[PDB]
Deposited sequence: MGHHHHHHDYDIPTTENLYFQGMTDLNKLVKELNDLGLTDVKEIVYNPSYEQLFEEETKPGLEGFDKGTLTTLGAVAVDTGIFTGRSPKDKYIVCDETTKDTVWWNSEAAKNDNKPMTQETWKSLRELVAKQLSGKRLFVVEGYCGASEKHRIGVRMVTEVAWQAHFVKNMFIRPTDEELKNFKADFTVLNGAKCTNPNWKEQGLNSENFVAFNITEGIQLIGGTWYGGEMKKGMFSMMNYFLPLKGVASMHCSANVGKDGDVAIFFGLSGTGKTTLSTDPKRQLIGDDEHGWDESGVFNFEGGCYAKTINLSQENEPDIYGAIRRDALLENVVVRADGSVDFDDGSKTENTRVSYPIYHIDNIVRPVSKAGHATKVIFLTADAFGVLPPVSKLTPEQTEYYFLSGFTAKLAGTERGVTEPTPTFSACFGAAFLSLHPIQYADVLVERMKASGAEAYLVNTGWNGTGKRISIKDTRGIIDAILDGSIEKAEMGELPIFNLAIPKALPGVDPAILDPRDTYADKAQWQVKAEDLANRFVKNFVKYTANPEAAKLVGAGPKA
């Protein structure tokens, strides 16, 4: 009912609403994106791959410094607010400033032709958020049609919008200084009202990650895990989830011809199992090649939406050109990948949990079986490194999207694992004592041993300092690399580097000891 929709938009403050393009088909979106007369960043270009490409302007990535959550009676004592104790992007916003911003955005979307897309964040009927996004730019509607679950005709008849995203990319906030904000741009959330406002930035990710942040607020409070991970399922129905920061092999190791993909980035884990929050994938395309990333490359066709890629004069795409940004992307509905779970992106309870890390310090074992306490410790640590070794720590493998304290995500994850008897493993896909990277042959052998349970049959030893349980041998894996000390000429070399890494983990974790519940976890961390 377009009549009902317009009244609800008026309620939000949008006036003089002209034509509304509600839930357009992919064909309509293509026509809208290539419409004669589009100017600026609204303009789409049909590439030779058949996919339309658009540019996002000055913002080619998220703007965490411009992210705010309204502080009110609902959020004062529930949100994990940025503090001296532990810095994060959850910056409070007054109700007065929120109102001003809402009016600003409402004004920007008034007296115009609008696109409205309604979809779901969450494949679980019990724990999903119906999202309604309003925009004046067709490709932004396309991004949402790709990234959220597309409702059935039946669902669209009784669709309830639990959260509304008002995309006012074209407007900027003139009173930001007076208001004490970061800039004239803004990505603000009002949890009580159920609204996300976007201003100044055109980057599509703000819509995807904004809703992920909201799921990260509502779900854990209901005992449901909300995770930044990929997930897949074996032919027999066995489910595994993978965590890992960029460069840890997450995408490659969770891509297996024999296991259908549930999702590649955001999942929930409730009483029924693991479910994707998304209806598509938002992949990085820099240096993309058909040879290396056949699944992703193959997905770039009509209905995919390329972002910030360089298009040559003949319409072809130079995927190696990062002139606009190194963060070139492409979004596409999930069925552009063949090896996926259908008809709905969800499966049973996970029984294997894998934490990947590229340990540039060459200290961690290629694989360790974690205790429940260590599972929480390494989940809060969210560690990886790159080469002198430089570490990166990101709580729960996605600190930027945590609306609650890290411990709250760890608690629900381990609760779900305990019920299904799931085992967690820390897997180092990085380097060892040779100074070289662990072979992918061994890493693939390790992932196989984890999934087929052979690691559970192995004789176990224990690595000192970290007190990690490690297998002495595994089918298809070089037993000479299982203990990280064996790849060094002298174990004393490992010992020195281990004390160093242990120190970095401990120093990183100190901020969590300011949280009462998490404080005791230092006992499960190194030394």
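Unmodelled regions of the deposited chain, listed from N- to C-terminal end, are 1 to 24, 412 to 419, 560.
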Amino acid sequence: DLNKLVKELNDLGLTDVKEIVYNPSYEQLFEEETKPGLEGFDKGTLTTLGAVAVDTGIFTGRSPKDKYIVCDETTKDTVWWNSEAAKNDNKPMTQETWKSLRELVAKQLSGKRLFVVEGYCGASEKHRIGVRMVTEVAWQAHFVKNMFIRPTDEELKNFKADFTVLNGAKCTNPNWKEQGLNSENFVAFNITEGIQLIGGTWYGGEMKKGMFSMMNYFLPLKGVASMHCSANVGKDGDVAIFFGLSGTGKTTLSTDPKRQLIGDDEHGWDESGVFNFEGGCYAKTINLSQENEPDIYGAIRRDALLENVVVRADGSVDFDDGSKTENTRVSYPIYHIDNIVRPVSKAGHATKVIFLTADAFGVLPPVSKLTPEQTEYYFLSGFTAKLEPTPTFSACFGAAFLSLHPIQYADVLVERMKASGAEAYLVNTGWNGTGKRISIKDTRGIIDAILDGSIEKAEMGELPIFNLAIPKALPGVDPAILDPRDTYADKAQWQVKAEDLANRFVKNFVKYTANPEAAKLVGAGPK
From here on, numbers count along this sequence of modelled residues.
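As the entry records it, the average C-alpha temperature factor is higher for 200 to 208, out of 351 to 359 and 200 to 208. When the mean C-alpha temperature factors of 269 to 277 and 247 to 255 are read from the deposited coordinates, 247 to 255 comes out higher. Taking the PDB entry at face value, the top CA B factor among 220, 111, 398, 234 belongs to 111. Within the listed group 407, 296, 370, 141, the record reports its top CA B-factor for 296. In this PDB entry, the Cα temperature factor of residue 239 sits in the bottom third of its chain's modelled residues, the lowest group. When the modelled residues of the chain are ordered by their C-alpha B factor, residue 56 lands in the highest third. Residue-level temperature factors show residue 284 in the middle third of its chain, judged at the C-alpha atom.
Ranked by C-alpha B-factor against the other modelled residues of its chain, residue 159 falls in the highest third. Ranked within its chain, residue 389 lands in the highest third, by CA B factor from the PDB record.
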